[PDB]
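Residue numbers (the authors' numbering), protein chains in the order written: chain A, 166 to 219; chain B, 57 to 165; chain C, 57 to 219; chain D, 57 to 165; chain E, 2 to 56; chain F, 2 to 56; chain G, 2 to 56; chain H, 220 to 273; chain I, 220 to 273. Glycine residues also receive a C-beta, built at the ideal position from the N, C-alpha and C atoms. A short write-up of the structure that comes next.
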Amino acid sequence: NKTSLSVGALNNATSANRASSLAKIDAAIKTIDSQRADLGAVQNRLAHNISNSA
Amino acid sequence: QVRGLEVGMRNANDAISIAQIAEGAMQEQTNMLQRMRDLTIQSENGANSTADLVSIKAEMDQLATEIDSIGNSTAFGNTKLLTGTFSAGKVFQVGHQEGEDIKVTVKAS
Amino acid sequence: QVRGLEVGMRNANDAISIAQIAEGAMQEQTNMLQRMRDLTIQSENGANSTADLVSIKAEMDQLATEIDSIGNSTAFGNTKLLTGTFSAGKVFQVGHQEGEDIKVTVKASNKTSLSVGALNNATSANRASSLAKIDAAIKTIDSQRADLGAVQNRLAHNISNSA
Amino acid sequence: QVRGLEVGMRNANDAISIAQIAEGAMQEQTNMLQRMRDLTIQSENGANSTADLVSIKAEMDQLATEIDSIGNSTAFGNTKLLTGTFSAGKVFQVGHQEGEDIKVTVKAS
Amino acid sequence: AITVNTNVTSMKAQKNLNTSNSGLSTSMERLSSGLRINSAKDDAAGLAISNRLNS
Amino acid sequence: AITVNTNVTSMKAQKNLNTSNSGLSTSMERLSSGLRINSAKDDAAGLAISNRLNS
Amino acid sequence: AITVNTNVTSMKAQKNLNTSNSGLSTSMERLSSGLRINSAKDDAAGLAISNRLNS
Amino acid sequence: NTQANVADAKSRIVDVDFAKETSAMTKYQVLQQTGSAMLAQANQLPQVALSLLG
Amino acid sequence: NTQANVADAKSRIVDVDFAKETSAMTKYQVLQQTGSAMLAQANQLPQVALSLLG
């Protein structure tokens, strides 16, 4: 969620404000990407159990 | 990267337009300055008189007023470009990552 | 609302046409009034004669008759638009609910209205008085045209918004 | 959940339409305001006269009447959207449980 | 979103064509006569000033 | 860069034609009369000096 | 290699058309005025030298 | 003299500039043909409904 | 001069590029016919149940 992904306070007024905001968004996409890969592996894993059990 | 570049492209097209307007205004300041040179050369006749020199100054005086007027008017929508707010070059980002910036500096004129 | 607006659109297109016809007729009244100004200026020569001034008046007299004739003729099918029936602005409804109305006012414009109909050019005082009334006549028509133009500029924006 | 979402989908399609109509009306108010700017600039000639300034005002006066007229007319069937009844944002529910709401605020114009 | 009773795409398309047709028409009559202020649609103050200049 | 709403090429072209037309006009009136200083557009000091020489 | 989501052939084709259109535009304005150095796009040193020659 | 100068002032207000007007006239001709092709093609959008079995 | 340059700046923001737009329009036309054929054919998937004796 927004507090988890270190977003919720993003300003764009000063020079330093925009530079800090850009890094956090990039880190946010990486965290979600790793989460999706973990969930995909499990359901690839679960599909092979069903075939073996059948 | 694909979407980052697309926004970066429009970011640089904006910088081109700002430089285009400032360049156009300085051309008109150059032409009026050339006319002031001719009046100074013309004001050096020995056949003139005290009243004649005053009339030439009344012309030079109004030409200098417009050099002020263009300087205080040239703007991009609502931002004045020749009054020193671009004395320390502003920054446009043309890439998709930090540090890919271009700096445009316009000194006050 | 959908069907209400569609009838309202045609309601405003009708108002545009009425304002269009009245404006067109006032243009021709302006041109003939300008010709009367030249005749009054031309009638001030000291080389003219009593018989010469009569011929100039015989021309001014017929031009004033047409200003009457256009005023009593300009009509929208069968409704006369310049004879005062639009003195107190009529109402067109451009919305689908009560109170969404536009008012078009056309003041009467004919020879008695514009203070013309008795214009002589014999004496010195006669020409001076005639010149002032013609100048006041052009001003009155000019203000009327501006009022009608504003309404049809106003009506054009309603149609675009309603579409 | 399946039936709850289906009603929630139609709930949000309704909110889109309300925002669509209000946005459309404000566009026409913007164009007429731009024409008022030109008349004010045009009304600054030194070659005009007292009678000329009155004619320009008679045009500005009617343009302001329609800005009133659009504001009091724009409606969704029978609910006026630009007269302040949406000053404190109204609520649409887009989920199947309590608290899944979206707020749309339209200030009076 | 596949309907066979209303075509809003057509409705928006129709309006744009009407605007482009009206602009073409008004340009031809200005070119055919040579006057910017044909009617009172245009500058309301311009025609008033022109009348006195014409005088 | 293919637009159908603004033609800046036309805008620049129009300005150049106006400048060339104005220069042609001012040359004809100088030739039709025979005076460089027709109005006060030209040498402001020249007309003042010429007035005393005319006297 | 049969895709329906990206047309890179179109992307390359679009760029070439933009370059040819921009070259056509810049040639017309040079011809409409008669000056090679219209703006500071061109020879930066040329305009500086020309200013002193103009003086 | 004064007649010529008033003619100058009067033409700037009521007279058209053909350079301005010709560009606009050609400007709208293209938009008309663009509008006609878009409208004709947008009219046959609902024929997709016939593909899904009447 | 300044009017022309502002017209440049204003068109880059609000005006369409037909090269960009025409490709997208043709791009989606193909996807529509692809989507209609897939949907019509996916609708008769459950008819397999009739093969296994009602």
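Looking at residue j and residue i, is the spacing between their C-beta atoms short of 8 Å?
i                     : j         : result
B:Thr-141             : B:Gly-127 : no
E:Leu-36              : H:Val-267 : no
E:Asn-55              : H:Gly-254 : no
C:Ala-75              : C:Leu-204 : yes
C:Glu-115             : C:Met-88  : no
D:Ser-105             : C:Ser-199 : no
I:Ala-259             : H:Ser-242 : no
D:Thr-130             : D:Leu-119 : no
H:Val-233             : E:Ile-38  : yes
H:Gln-248             : E:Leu-25  : yes
residue 63 of chain E : H:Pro-265 : The structure shown does not extend to residue 63 of chain E, since chain E spans only 2 to 56, so no value can be given for it.
C:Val-162             : C:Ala-71  : no
E:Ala-14              : H:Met-257 : yes
C:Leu-170             : C:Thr-196 : yes
F:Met-12              : I:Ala-228 : no
C:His-152             : C:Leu-211 : no
D:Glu-84              : C:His-213 : yes
Excluding the five sequence neighbours on either side, which residues of its own chain have a C-beta within less than 8 Å of the C-beta of residue i, listed in chain order?
i                     : result
A:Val-172             : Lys-189, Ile-190, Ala-193
D:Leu-109             : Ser-99
residue 66 of chain F : Residue coverage of chain F in this structure runs from 2 to 56, which leaves residue 66 of chain F outside it and unanswerable.
C:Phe-132             : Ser-73, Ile-74, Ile-77
F:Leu-48              : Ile-38, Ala-41
C:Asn-209             : none
G:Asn-22              : none
E:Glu-30              : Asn-39
residue 10 of chain C : The requested residue 10 of chain C does not occur in the structure, where chain C is confined to residues 57 to 219.
B:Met-92              : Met-116, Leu-119, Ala-120
F:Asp-43              : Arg-37
C:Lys-167             : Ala-120, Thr-121, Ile-123, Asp-124, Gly-127, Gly-173
Using a cut-off of 7 Å between C-beta atoms, extract the partners of residue i located in chain B.
i         : result
A:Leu-175 : Those within 7 Å of A:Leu-175 in chain B number zero; the least Cβ separation is about 15 Å.
A:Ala-184 : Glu-154
Which chain D residues sit within Cβ distance under 9 Å of residue i?
i        : result
E:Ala-49 : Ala-107, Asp-108, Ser-111
Note down, in chain order, every chain H residue with its Cβ under 7 Å from the Cβ of residue i.
i         : result
I:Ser-255 : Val-267, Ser-270, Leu-271
Closer than 8 Å by beta-carbon distance: list the chain E residues that pair up with residue i, in chain order.
i         : result
C:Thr-86  : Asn-52
H:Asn-262 : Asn-8, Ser-11
Counting only beta-carbon atoms, is residue i nearer than 8 Å to chain K?
i         : result
I:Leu-258 : The structure shown contains no chain K; its protein chains are A, B, C, D, E, F, G, H and I.
Counting only Cβ pairs nearer than 7 Å, list the residues of chain E close to residue i.
i         : result
C:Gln-90  : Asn-55, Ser-56
H:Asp-234 : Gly-35, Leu-36, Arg-37
Starting from residue i, find everything on chain F with Cβ-Cβ shorter than 8 Å and list it in chain order.
i         : result
B:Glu-115 : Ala-45
Kindly list, in the order they appear in chain F, the residues whose Cβ is closer than 7 Å to that of residue i.
i         : result
H:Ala-238 : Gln-15, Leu-18
I want to verify the contact list: residues of chain G whose CB lies under 7 Å from the CB of residue i, in sequence order.
i         : result
B:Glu-79  : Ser-40, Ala-41
I:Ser-242 : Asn-8, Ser-11
Determine the chain I residues that contact residue i at a beta-carbon separation under 9 Å, and present them in chain order.
i       : result
G:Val-5 : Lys-246, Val-249, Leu-250, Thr-253
Residue i touches chain E at which residues, Cβ-Cβ below 9 Å?
i         : result
H:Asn-224 : Ordered by position in chain E, no residue passes the 9 Å Cβ test against H:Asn-224, which lies about 11 Å from the chain.
Residues in its own chain within less than 7 Å of residue i by CB, not counting five upstream and five downstream?
i         : result
D:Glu-156 : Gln-149, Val-150
C:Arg-201 : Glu-79, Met-82
Quick one: what's got a C-beta closer than 6 Å to residue i's C-beta in the same chain, skipping five residues either side?
i         : result
C:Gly-145 : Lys-159, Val-160, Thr-161
A:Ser-216 : none
Closer than 7 Å by beta-carbon distance: list the chain D residues that pair up with residue i, in chain order.
i         : result
C:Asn-217 : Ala-81, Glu-84, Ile-126
Name the chain C residues that come within less than 7 Å of residue i, Cβ to Cβ?
i        : result
D:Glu-62 : The premise fails here: D:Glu-62 is roughly 27 Å from chain C at the closest Cβ pair, so nothing lies under 7 Å.
For a test of your reading of the model: does the CB of residue i fall under 7 Å from any non-hydrogen atom of the ligand MG? Yes or no.
i        : result
G:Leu-32 : The ligand content of the structure shown is nil, which means the ligand MG is not present either.
In chain F, which residues lie less than 9 Å from residue i when you measure between Cβ atoms?
i         : result
B:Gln-118 : What B:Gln-118 touches in chain F: nothing, since even the nearest Cβ is about 11 Å away.
Along chain B, which residues have their Cβ under 8 Å away from the Cβ of residue i?
i         : result
A:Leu-170 : Those within 8 Å of A:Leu-170 in chain B number zero; the least Cβ separation is about 19 Å.
Quick one: list the residues of chain G neighbouring residue i, beta-carbon separation under 9 Å, in chain order.
i        : result
B:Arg-93 : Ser-56
Near-chain B residues of the region 11-43 of chain F (beta-carbon distance less than 9 Å), N- to C-terminal order:
none
Runs of 4 residues minimum, wholly inside the region 96-148 of chain D: which ones carry the alpha helix (DSSP H) assignment?
With a minimum length of 4 residues, the continuous alpha helix (DSSP H) runs that stay inside the region 96-148 of chain D are 106-127.
Taking only runs of the beta strand (DSSP E) that begin and end inside the region 236-267 of chain H, which ones reach a length of at least 3 residues, in chain order?
none
Check distances from the C-beta atoms of the region 195-212 of chain C to those of chain D and list, in chain order, the residues that come in under 9 Å.
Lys-195, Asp-198, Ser-199, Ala-202, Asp-203, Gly-205, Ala-206, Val-207, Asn-209, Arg-210
Interface positions of the region 139-151 of chain D facing chain C (Cβ-Cβ less than 9 Å), listed along the chain
Under the 9 Å Cβ criterion, the region 139-151 of chain D contributes no residue.
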